[PDB]
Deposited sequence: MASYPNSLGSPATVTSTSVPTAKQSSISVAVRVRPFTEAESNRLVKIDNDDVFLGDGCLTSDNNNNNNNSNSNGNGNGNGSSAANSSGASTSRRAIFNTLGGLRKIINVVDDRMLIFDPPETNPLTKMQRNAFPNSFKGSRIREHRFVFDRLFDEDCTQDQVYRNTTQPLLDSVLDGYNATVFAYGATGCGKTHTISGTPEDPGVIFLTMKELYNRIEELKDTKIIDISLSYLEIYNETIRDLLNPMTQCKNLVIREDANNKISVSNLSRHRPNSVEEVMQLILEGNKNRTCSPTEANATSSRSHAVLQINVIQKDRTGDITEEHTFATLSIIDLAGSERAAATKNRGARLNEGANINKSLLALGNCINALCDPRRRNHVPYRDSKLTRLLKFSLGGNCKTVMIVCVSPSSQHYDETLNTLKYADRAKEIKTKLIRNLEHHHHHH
């Protein structure tokens, strides 16, 4: 009935370095991102001061720059530069903690290109913890609050999808052929030979996260020296049952999935090439499959069949994107022109979830 999938876009603030590197022309860099409202975004606005001389030509007198590069994107949730991590945590992932504590599944996606600020958001600094830390902290506080009349159990897994193959991050020894997706008759999906862990507090959860991230399949010489070539899926299974209630053979189950997505890549950036072309191709295909799945799920018509089997990532989250499960998507974008083209692609990827035509 309602839109279970919600898209959140966050605009980062210029770094002092970038803020003084080429913005001096304003007194070359310019803020291609403009924010008007909690659901409104303008890409490449015509806000430059010496600009009348250009539309003196764009209008029908000299057809050299008649192209209009201003785009108008609408999203469910928008965060400006001034908003801090508390507002993002409250407005994107905090409600999901209810559903997982209620019994339903929940999903969080993190997407962006290099320099977009995704790391600061999901991970953050020790002084300014990210979204994951706040979610797990409130989850454990809720568990302690509900320690009476109910018992909760937390299981943690952390896998990665690389070249359409699953690879345990917490137990790197396991071979891929062993890691296989299995669909039970309970409409639950389990990956074989997963190294499940029982952390006791958010400190242990973060320690497991860094231990896994130490193993992630990265490669150097890309715009970032530690770019990710895989989709990292962290799964927190909450299994709970009444403590002093009916002692029956029934305990309720839920999962919180947190997926850090690899950024799309244009080989044109790559020159030497090799197996990295295969990595890029797999990443782009997986992102396309995920976009198709999300667009079909949002669309009331095409969802008679949703292409879950086009990629391992969508197959794993078959029962974590539909109507019952609540999905949120944090898409971190930069306002600097240095990342112009990439940002547009990011803004085009988020928009696909719901093609809200802003011409109206």
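Trainee: Counting from 1 along the deposited sequence, what's missing?
Mentor: According to the deposited record, C-alpha coordinates are absent for 1 to 22, 50 to 101, 435 to 445, which together make up the missing parts.
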